[PDB]
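Trainee: One structure, as structure tokens, below. Some questions next.
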Protein chains: 12
Amino acid sequence: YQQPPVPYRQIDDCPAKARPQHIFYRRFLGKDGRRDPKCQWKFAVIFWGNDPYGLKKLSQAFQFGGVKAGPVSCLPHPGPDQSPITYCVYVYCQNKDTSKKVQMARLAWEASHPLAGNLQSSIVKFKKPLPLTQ
Amino acid sequence: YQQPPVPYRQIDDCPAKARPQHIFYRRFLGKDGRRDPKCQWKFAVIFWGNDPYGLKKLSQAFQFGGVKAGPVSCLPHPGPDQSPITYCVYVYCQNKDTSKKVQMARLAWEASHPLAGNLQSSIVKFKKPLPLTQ
Amino acid sequence: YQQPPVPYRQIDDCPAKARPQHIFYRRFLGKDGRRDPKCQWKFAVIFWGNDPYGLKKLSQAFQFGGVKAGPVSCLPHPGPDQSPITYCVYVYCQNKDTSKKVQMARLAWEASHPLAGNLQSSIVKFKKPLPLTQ
Amino acid sequence: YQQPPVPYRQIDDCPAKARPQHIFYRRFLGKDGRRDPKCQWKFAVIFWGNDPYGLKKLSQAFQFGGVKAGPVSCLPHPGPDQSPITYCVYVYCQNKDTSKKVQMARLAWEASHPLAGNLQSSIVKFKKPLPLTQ
Amino acid sequence: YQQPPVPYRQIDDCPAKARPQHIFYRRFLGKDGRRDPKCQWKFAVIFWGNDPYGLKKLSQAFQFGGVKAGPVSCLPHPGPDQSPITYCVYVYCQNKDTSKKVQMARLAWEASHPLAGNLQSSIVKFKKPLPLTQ
Amino acid sequence: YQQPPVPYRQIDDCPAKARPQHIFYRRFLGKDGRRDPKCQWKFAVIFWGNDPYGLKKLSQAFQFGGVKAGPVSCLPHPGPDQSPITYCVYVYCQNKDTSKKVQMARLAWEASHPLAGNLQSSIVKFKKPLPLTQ
Amino acid sequence: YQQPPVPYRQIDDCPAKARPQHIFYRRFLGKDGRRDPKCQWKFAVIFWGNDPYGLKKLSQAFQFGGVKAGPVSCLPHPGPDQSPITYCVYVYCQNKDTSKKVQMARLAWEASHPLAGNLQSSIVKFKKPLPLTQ
Amino acid sequence: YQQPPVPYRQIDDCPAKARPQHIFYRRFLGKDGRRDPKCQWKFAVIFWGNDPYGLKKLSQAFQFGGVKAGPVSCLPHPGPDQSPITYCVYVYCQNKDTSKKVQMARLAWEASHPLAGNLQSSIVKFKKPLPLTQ
Amino acid sequence: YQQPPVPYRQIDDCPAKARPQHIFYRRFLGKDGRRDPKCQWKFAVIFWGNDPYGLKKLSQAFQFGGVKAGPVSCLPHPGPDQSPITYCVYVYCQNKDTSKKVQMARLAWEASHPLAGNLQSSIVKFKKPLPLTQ
Amino acid sequence: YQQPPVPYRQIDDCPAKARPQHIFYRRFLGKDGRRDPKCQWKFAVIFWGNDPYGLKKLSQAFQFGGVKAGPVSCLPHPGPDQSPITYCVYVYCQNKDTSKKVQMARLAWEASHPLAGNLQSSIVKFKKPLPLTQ
Amino acid sequence: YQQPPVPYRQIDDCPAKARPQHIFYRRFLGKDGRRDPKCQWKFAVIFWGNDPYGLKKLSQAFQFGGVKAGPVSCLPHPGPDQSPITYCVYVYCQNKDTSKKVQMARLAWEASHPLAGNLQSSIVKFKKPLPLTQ
Amino acid sequence: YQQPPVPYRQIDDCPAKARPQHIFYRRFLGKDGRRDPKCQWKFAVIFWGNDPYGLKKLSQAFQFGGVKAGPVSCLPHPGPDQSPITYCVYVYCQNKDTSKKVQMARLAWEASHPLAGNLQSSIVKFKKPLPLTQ
């Protein structure tokens, strides 16, 4: 049983290994990274890959009022046999627009740093709003 | 880092604490619980609540060719401060129809057993197919 | 000529032999089991089998504001000679969605109780609204 | 529980009170009144009214290879209280065309005989074929 | 040169020999026998036989706002030599639906009265609308 | 009660007033004016206008093995009041192609002779074949 | 008079001072940076600021098959008197989607490098296609 | 780097080579050539051709309060190889109406003087207002 | 030519056959039945039916200062031929409010007495005031 | 009780004393004097004066398919005492346009013949369509 | 605490002492007495007087789908001392139109029966819709 | 038949169970709670809920010269079936301003005491003044 990442009061509370990626997202998202009381959480973007540590850093980075990433999880085995683990992180955003900027934000970071892994991603829509208000 | 639940060859491999719920789903889903090679994984249903053990049993129950549940995870903290953990499980299904039957299947089980928790749930649609094929 | 089953003010008015199945449906259907003044009755689901008693219990069970079952009836003889009787019950619902939940509700009950008969069923659509308002 | 009307080898087996209406339908339907092995029973027309005797005569009249009427039944009570009974008869036909001719056939009979009751009616379509072959 | 049958203000203006058949059609057609200003006259049904008197009565009967029969005419000789005359009447209707009801209406009358002739008939479609508007 | 126009063994049997128009059609139609035993009579073209004499000449002109015109008739009154008579002639042809050539043939004649009336016309299709064989 | 920037056969032909920004755009734009023969050039994005050198580097960076930047230009004086020069660069793209990614691409670069100037920008639509084909 | 053309305090400050074209535009545009403080600069028209000198004269001509032309610039090379330069001038106007009059104004001048080049042109719309206020 | 009904000084001057209906209207209308010098006569309500005697009684009943009915008249023939007479009475009222109360007053009387005819009615508005003052 | 004026088959059926005024209206109204099946009778124009004979001639004149005048009637007495009779005629037209042409048509006739009385008139609008179809 | 009057399935369920007044309202209100699902309950009419029994009969009478009367209540004491009770009944209607017909309906009944009390009344409008829907 | 609440000479006459709520309103309303001889009673606010006892206390509390609450009553059943009783209290105030303060006064009390029920409420306007003077 895993636990959710810790929210930030200041940049320093964000783990030192994730700060570079966190600050980049803070500036890129800008106003879209802030919270909208009027909007509900019916959207998210799911990144997945084979490196859990990289996805860990991503999960710790995407931590804002309007953009909250879940802990490092994983998808179930694709076949009947046990297979190499495909880890994943759900980055919950406010609206469909923000989701596109978030998955773009990571794409921008991937372009800025070729050492970073090329993570697959998909936009996610929930029929009912998730309890992520206030 | 968490690991995906183990697939079943037979009913017995399913943990004893989850078998009752597993067998019920096997019969209820029926043909919809089987896998379709032609279809892709652009759908899922997310159950969430405060009891991780109950959600654990659910995750272990929903394990079929066309219906695979992820491990017990959790949603991120809603506010700036750390808060009581809202655990969740993503049950990935094949098509939009199956998703409705899955979230109904649990609803049927909840009706069959009043001791079971009334889990919140939502249908999920992914823009891009998840790597859950052979 | 056959008379329609009696409506319920409380659970107890429902025949003791049907109460278990009735309560299960009450909880499963939930809000969909309630009546919608705006909607008309252009839908129903017809269960059929060889056991009239089982179908009787079903008819007595499906008795709500938005879901009303007709009395136990039967389909006509298939050939020129008299043949084993195929009994049937028309469960009239409000909309096409409810009909799918109703035929699912029974399917859930059949899964909950293997002693119960595996009833065949079909969704029914009427071109003109039936007089089942108020 | 109600038993299905008896099929006819000859006109005389049809109850004397229904023969006039039966012969009229025999001639009117003509070839459409015959059975089609290739076609399935996914169609029917439901007549309803307050006179069970009239509907009884109708049920006994519509008895052919391609057109079989069910026994006199009734719709469920509209409100919470018991109410005047609205009786009904399901006349199962082969295809959507025949159904229109059947509900027209009765309409023709109603026009031929003003003493006959003006029965309400609706075309019915079943998603799954009813067991009415052979 | 022939002249078109006279329209009716009341049932009595219809020739006494045709009233029985006229009233029957009035009731059978019902609302479909009324005229639709929005619709055009691209449809008709042609009855043909060897009895001109019977066809005369038919022509006088089918006289409504939405259903107008032409005068008694005839088809041309089939071969090079003069042959027994095949008389015909064009009953012009509003839409393709009405045409089917009209040729059915006569079929109903033929079934009601075995003394009446079994007239052949065919649905007719015109590419361009006939001048049968106000 | 009218009678059908007389067939021709030779050009002279055709009324002297119609020969000019008849010969023109003979040459224009050509092989299409001949009879096809394989084909049925499910087609025709209806000319209509206010001059019965002109339409008479047309009816007498269009007299061939594959193209037979009916006698001069008329359409029913358009409104509730009696109105100027709109006469018409049905020229029955073999196939949909011939019908287009026939209504063109007249259009050619109208162009050849400005004294001739500009007759309205429409292609006609019958669902069942008319008895015009041999 | 001014001349358009030189196209690239390889990354090295791009001026050394612009390569960092050029490579970043190459990876970020990805497939959208490629040329579409089917599409026309009715779109562009105009960056403007006070630093011509920075805009020069931008103009040299945005040089691809589907994305071509014009030379460093400037907007006219806003008032009647001569004023500080507002330089600008038109980055011509293929479609409205690409334009949004281009102005985002620069926004990503601005976020990656705080030393870079915060350039204003606007999406541009041309009624008629510009001559920027092969 | 390029610099924006100089504004006019009087007609004489406009270069002698451009005065003829300038005066013509002054009179033609009339009131539309004046500035509107209420309106923003979200519009322009872009002339392009191969003669930079002609476009230079155009740029110097279109210099008013409500109509300001940019300096002579050029479009980027269309293909991978260097190509004949297509020069262009952006004439920024106040509203969509003025833009149509401006591109018409030049068309009028082209008609007045056949020696002048037939410049291509396109209406331009900016999503965000350009800094061209007082 | 028809003469207008006689005004009343007292209830008795009103014809004995109309007094019951007159007194009812007197009480129902109340203050609205009185005359308003300030208001003009741009309103009325027209009752029509087939019984002239009933309409006569109505005309004699509606006789007040603010509500004056015209004599029994009739609408013109609908068709070219003489037809059953549709009689009518214009009840002229003061304002649009009164008109609604008048046509309601009759509706109240029709409800009070089922023997009375169900008269059709319509509110009437005149562009110019009728000479009904003093 | 007053009977509606007689419709015309020809000009001569119109009373000799009214023919001059009738023919004038026939030509003036023109196409607007014809009937429109699509339109309803929610309009009319009411002429009123002291000469019943003149109004009689008017009533007999305005007799067409789209324009039908009622018989000579009168307005109720204005005061409590019997007063000189103000006669009136309701000329029912099809639409608001026709009404203006009708009251103009009379105005034209009044201008053509100074011997004719200067009749007052008003446009009339009915909320509900009068039974004047066919 | 008081309880709301009982709804009616049939006229007989309405208390015998109120049936006369109930039937009268049924006929008078007519279609306006029926319920409109689209409309909300922001309207009502309050009758008040000193006779509670009469108001009781009124409350029992006004019981329809679109018109529901509350139980017999009363207004508070006007002064500081206890005073003769002014009883009242709130008759809740659907729209502002119906309210005027309801208070008129009673006024009609009061006119029909002079023995009935002359109840004071007022139209009532609620800012927010009352919970009187299904 | 209910009776109106008793007025107060002093705080003690107010039932002990209601004094806390009464005193609070006395202070809050202040001068608005006093009577205005000039103003009439065309206003009120209606509180409704499921707890009659709570509404009883409210009715006893709102008892002043300018603010008088009626006794505990109830709304009629919303549907055709008998339903849980929705009790209500009409608090009659002097003007539209006071009504807003009264419904606010209760809202203030509800905020002061979370044990108190959250009562729904609506502003009420009467067309005619209620007899609540002196």
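Identifiers for the structure tokens are assigned positionally: chains receive A, B, ... in sequence, residues are indexed from 1 per chain, and ligands are indexed from 1 in the order shown.
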Please list as a PDB file with N, CA, C and O atoms, in the first residue's frame every residue within 10 Å of residue 7 of chain A, counting only C-alpha atoms and excluding residues in the same chain fewer than 2 positions away.
Mentor:
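Result file follows (selection01.pdb):
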```
ATOM      1  N   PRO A   4       0.522   8.897  -1.023  1.00  0.00           N
ATOM      2  CA  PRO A   4       0.592  10.009  -1.967  1.00  0.00           C
ATOM      3  C   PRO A   4       1.767  10.938  -1.683  1.00  0.00           C
ATOM      4  O   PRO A   4       2.127  11.137  -0.523  1.00  0.00           O
ATOM      5  N   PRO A   5       2.363  11.505  -2.744  1.00  0.00           N
ATOM      6  CA  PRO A   5       3.470  12.450  -2.615  1.00  0.00           C
ATOM      7  C   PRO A   5       3.105  13.653  -1.749  1.00  0.00           C
ATOM      8  O   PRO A   5       1.928  14.001  -1.637  1.00  0.00           O
ATOM      9  N   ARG A   9       5.009  23.742   0.212  1.00  0.00           N
ATOM     10  CA  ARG A   9       4.788  25.112   0.645  1.00  0.00           C
ATOM     11  C   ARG A   9       5.786  25.993  -0.088  1.00  0.00           C
ATOM     12  O   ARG A   9       5.482  27.123  -0.470  1.00  0.00           O
ATOM     13  N   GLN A  10       6.985  25.454  -0.287  1.00  0.00           N
ATOM     14  CA  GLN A  10       8.050  26.163  -0.978  1.00  0.00           C
ATOM     15  C   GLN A  10       8.831  25.191  -1.856  1.00  0.00           C
ATOM     16  O   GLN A  10       8.697  23.974  -1.721  1.00  0.00           O
ATOM     17  N   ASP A  13      10.898  22.127  -0.257  1.00  0.00           N
ATOM     18  CA  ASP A  13      10.227  20.935   0.257  1.00  0.00           C
ATOM     19  C   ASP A  13      10.163  19.856  -0.821  1.00  0.00           C
ATOM     20  O   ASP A  13      10.151  18.662  -0.519  1.00  0.00           O
ATOM     21  N   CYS A  14      10.114  20.289  -2.075  1.00  0.00           N
ATOM     22  CA  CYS A  14      10.233  19.377  -3.200  1.00  0.00           C
ATOM     23  C   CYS A  14      11.615  18.739  -3.156  1.00  0.00           C
ATOM     24  O   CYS A  14      12.621  19.445  -3.077  1.00  0.00           O
ATOM     25  N   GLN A  60       6.852  13.679  -8.345  1.00  0.00           N
ATOM     26  CA  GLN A  60       7.215  14.676  -7.349  1.00  0.00           C
ATOM     27  C   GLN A  60       7.231  16.076  -7.957  1.00  0.00           C
ATOM     28  O   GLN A  60       6.991  17.064  -7.266  1.00  0.00           O
ATOM     29  N   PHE A  62       5.265  17.248 -10.745  1.00  0.00           N
ATOM     30  CA  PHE A  62       3.905  17.718 -11.012  1.00  0.00           C
ATOM     31  C   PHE A  62       3.066  17.796  -9.739  1.00  0.00           C
ATOM     32  O   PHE A  62       2.192  16.960  -9.507  1.00  0.00           O
ATOM     33  N   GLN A  63       3.333  18.814  -8.928  1.00  0.00           N
ATOM     34  CA  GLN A  63       2.610  19.014  -7.676  1.00  0.00           C
ATOM     35  C   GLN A  63       2.204  20.474  -7.510  1.00  0.00           C
ATOM     36  O   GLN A  63       2.954  21.278  -6.955  1.00  0.00           O
ATOM     37  N   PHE A  64       1.015  20.811  -7.996  1.00  0.00           N
ATOM     38  CA  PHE A  64       0.508  22.173  -7.899  1.00  0.00           C
ATOM     39  C   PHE A  64      -0.963  22.161  -7.508  1.00  0.00           C
ATOM     40  O   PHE A  64      -1.546  21.100  -7.292  1.00  0.00           O
ATOM     41  N   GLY A  65      -1.554  23.348  -7.410  1.00  0.00           N
ATOM     42  CA  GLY A  65      -2.950  23.476  -7.015  1.00  0.00           C
ATOM     43  C   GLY A  65      -3.888  22.921  -8.067  1.00  0.00           C
ATOM     44  O   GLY A  65      -4.893  22.289  -7.747  1.00  0.00           O
ATOM     45  N   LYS A  68      -2.026  17.831  -9.901  1.00  0.00           N
ATOM     46  CA  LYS A  68      -1.522  16.923  -8.875  1.00  0.00           C
ATOM     47  C   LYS A  68      -1.279  15.522  -9.428  1.00  0.00           C
ATOM     48  O   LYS A  68      -2.186  14.884  -9.967  1.00  0.00           O
TER      49      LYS A  68
ATOM     50  N   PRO B  76      -3.720  11.825  -5.169  1.00  0.00           N
ATOM     51  CA  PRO B  76      -2.858  12.780  -4.485  1.00  0.00           C
ATOM     52  C   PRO B  76      -3.636  13.595  -3.460  1.00  0.00           C
ATOM     53  O   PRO B  76      -4.866  13.632  -3.505  1.00  0.00           O
ATOM     54  N   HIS B  77      -2.921  14.235  -2.539  1.00  0.00           N
ATOM     55  CA  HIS B  77      -3.558  15.057  -1.520  1.00  0.00           C
ATOM     56  C   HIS B  77      -4.293  16.221  -2.173  1.00  0.00           C
ATOM     57  O   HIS B  77      -3.769  16.858  -3.086  1.00  0.00           O
ATOM     58  N   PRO B  78      -5.515  16.501  -1.701  1.00  0.00           N
ATOM     59  CA  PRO B  78      -6.365  17.531  -2.294  1.00  0.00           C
ATOM     60  C   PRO B  78      -5.884  18.945  -1.986  1.00  0.00           C
ATOM     61  O   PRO B  78      -5.933  19.819  -2.853  1.00  0.00           O
ATOM     62  N   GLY B  79      -5.425  19.166  -0.758  1.00  0.00           N
ATOM     63  CA  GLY B  79      -4.968  20.487  -0.340  1.00  0.00           C
ATOM     64  C   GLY B  79      -3.459  20.586  -0.224  1.00  0.00           C
ATOM     65  O   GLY B  79      -2.737  19.665  -0.605  1.00  0.00           O
ATOM     66  N   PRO B  80      -2.973  21.716   0.312  1.00  0.00           N
ATOM     67  CA  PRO B  80      -1.546  21.973   0.496  1.00  0.00           C
ATOM     68  C   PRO B  80      -0.951  21.136   1.625  1.00  0.00           C
ATOM     69  O   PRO B  80       0.251  20.866   1.633  1.00  0.00           O
ATOM     70  N   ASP B  81      -1.794  20.737   2.571  1.00  0.00           N
ATOM     71  CA  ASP B  81      -1.362  19.911   3.691  1.00  0.00           C
ATOM     72  C   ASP B  81      -1.637  18.439   3.417  1.00  0.00           C
ATOM     73  O   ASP B  81      -2.504  18.097   2.610  1.00  0.00           O
ATOM     74  N   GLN B  82      -0.893  17.569   4.091  1.00  0.00           N
ATOM     75  CA  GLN B  82      -1.124  16.136   3.991  1.00  0.00           C
ATOM     76  C   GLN B  82      -2.488  15.808   4.587  1.00  0.00           C
ATOM     77  O   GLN B  82      -2.878  16.378   5.607  1.00  0.00           O
TER      78      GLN B  82
END
```
Trainee: Should the cut-off be 8 Å, what would the residue list for chain E against chain D look like, counting only C-alpha atoms, as a list in words?
Mentor: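 Only these qualify: residues 24, 27, 28, 105, 107, 108, 111 and 112 of chain E.
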Trainee: Limited to C-alpha atoms, could you put the picked residues into a file as a short mmCIF file (atom, residue, chain, number, x, y, z; two decimals), in the first residue's frame?
Mentor:
```cif
data_model
loop_
_atom_site.label_atom_id
_atom_site.label_comp_id
_atom_site.auth_asym_id
_atom_site.auth_seq_id
_atom_site.Cartn_x
_atom_site.Cartn_y
_atom_site.Cartn_z
CA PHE E 24 -65.67 2.52 -45.60
CA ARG E 27 -63.13 5.59 -41.85
CA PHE E 28 -60.26 3.29 -42.80
CA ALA E 105 -58.07 -0.17 -48.21
CA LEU E 107 -58.00 -5.06 -50.35
CA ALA E 108 -59.89 -4.68 -47.07
CA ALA E 111 -62.20 -9.04 -48.10
CA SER E 112 -65.34 -7.50 -46.60
#
```
Trainee: When you count only C-alpha atoms, which of these residues is closest to residue 129 of chain E: E:92, E:53, E:8, E:1?
Mentor: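 Closest residue, counting only C-alpha atoms: E:92.
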Trainee: Taking the chain letters and numbering used in this document, name the residues of chain C that DSSP puts in strand (DSSP E), as a ChimeraX atom specification.
Mentor: /C:43-49,67-69,73-74,87-93,120-126
Trainee: List every residue of chain I that DSSP, applied to the backbone, labels as alpha helix (DSSP H), and write the result as a PyMOL selection string.
Mentor: chain I and resi 19-29+52-61+96-112
Trainee: Within 10 Å of residue 55 of chain H, counting only C-alpha atoms, which residues qualify if same-chain residues fewer than 6 places away don't, as a PyMOL selection string?
Mentor: chain H and resi 47-49+61+71-73+87-89+117+119
Trainee: Which residues come within 10 Å of residue 126 of chain C, counting only C-alpha atoms, excluding same-chain residues fewer than 5 positions away, as a list in words?
Mentor: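 Once the nearby chain positions are removed, what remains is residues 41, 42, 43 and 44 of chain C; 44, 45, 46, 121, 122, 123, 124, 125 and 126 of chain D.
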Trainee: Which of these, I:114, I:30, I:84, I:37, has the shortest distance to residue 102 of chain I once you count only C-alpha atoms?
Mentor: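 Smallest separation from residue 102 of chain I among the options: I:30.
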Trainee: So what do you get for atom CA of residue 40 of chain C versus atom CA of residue 128 of chain C, distance-wise?
Mentor: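 Separation of atom CA of residue 40 of chain C and atom CA of residue 128 of chain C: 9.2 Å.
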Trainee: Which residue out of F:54, F:131, F:33, F:70 has the minimum interatomic distance to residue 115 of chain F when only C-alpha atoms are used?
Mentor: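 With only C-alpha atoms as the atom set, the closest residue is F:54.
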Trainee: Interatomic distance between atom CA of residue 98 of chain F and atom CA of residue 133 of chain E?
Mentor: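 Here the two named atoms are 29.1 Å from each other.
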Trainee: For a quick check of understanding, using only C-alpha atoms, which of H:12, H:134, H:67, H:118 has the smallest distance to residue 100 of chain H?
Mentor: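 Among the listed residues, the smallest separation from residue 100 of chain H belongs to H:67.
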